[PDB]
């Protein structure tokens, strides 16, 4: 259960990306406190409410994406907070697959590090169109000469990957000190404190720089599944962001990828954050109670679709850019028969690279068209971006060009 969800404002999905320990979770937490001084309808989430898992506590990092909710005077936001650690890139990718825009967090003390670059590249391949930058940990850097160096480094870095690097907002602040003040005074408002106010600059930048997306409520329901868990009284919940269409309680949906046959079943509840909806609309980040299906039967990577709207595919043609050694790519070329991982939206699957009659070997830097045959069926579509990863690095970026099987 919970209270019922009211549609006051337009809804935008944002989230935090950036290298490990630079301050994504501290900012996410500072965002819920800051806005809750202006709106009573924001539940505040503290640092330890976000990295709450026993593993996260054990490693002292974020491992799981967390979703939190805040809103400004202008819109409603779901916010996804991803991991920075390299071990956990596939979690950053499924969290970025749900973003309409990202907040890249870079630490002023350190500047751009290897997962600042990798996160920019992956967020693009997974459909993130806009990026706002939060330069964090400015309380640690007195030399304002450094601040301008990092700011420019980050702009060059974004320009490299086809973002508007020169126009992007770059807000400078300290998330930890804005968070401490909101603790000392929970009602702190705009104007009172310099640090809280840079969190307000960031929120102003989100509101105005990241536009409310054109969503298709008139095309058939497609929802990429991000997570499944069981609510112990209710049943099995598949969570994700609704790419397009609508769900109502009572609708049937097929569970489409990663298995032999698809499955139909009935939607039995829709929830956004704590609250109930009777209907879920393109753009919503929802929980979807599924009837008569255990959490061992729906999984991350499948999509829920209006029945008969989509057919999973196995074999496609693609145009691929293979990263150079200097972007974190692999060092030596690869051959026909190469078996990396492929990432489309929230799904990841093994594929075999099949080079054309007359291409012996692909090298770092090569743009190239090969065929890939995946070891499981997956909802694909032409022009769908994807990423290739193997051995713990991103080795490629590509677009699906023609579905063959």
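Numbering follows the first chain given and starts at 1.
Of 237-245 and 261-269, the one with larger mean CA B-factor:
It is 261-269 that shows the higher mean C-alpha B-factor.
Mean C-alpha B-factor comparison - 220-228 and 182-190, higher one:
Stretch with the greater average CA B-factor: 182-190.
Residue with maximal Cα B-factor (values as given in the PDB entry) among 39, 26, 341, 32:
So the option with the highest C-alpha B-factor is 39.
Whose C-alpha has the highest temperature factor in the PDB entry: 303, 177, 73, 282?
Across 303, 177, 73, 282, the entry lists the biggest C-alpha B-factor for 73.
Classify residue 43 as lowest, middle or highest third according to the C-alpha B-factor given in the PDB entry, relative to its own chain.
Lowest third - that is where residue 43 ends up once the chain's C-alpha B-factors are sorted.
Name the third of the chain's ranked CA B-factors that contains residue 396, choosing lowest, middle or highest.
According to the entry, residue 396 has a C-alpha B-factor in the chain's middle third.
Is residue 347 in the lowest, middle or highest third of its chain when residues are ranked by C-alpha B-factor?
According to the entry, residue 347 has a C-alpha B-factor in the chain's middle third.
Ranking the modelled residues of this chain by C-alpha B-factor as given in the entry, is residue 111 in the lowest, middle or highest third?
It belongs to the middle third of the chain when residues are ordered by C-alpha B-factor.
Where does the C-alpha B-factor of residue 53 rank in its chain, lowest, middle or highest third?
It falls in the bottom third of the chain.
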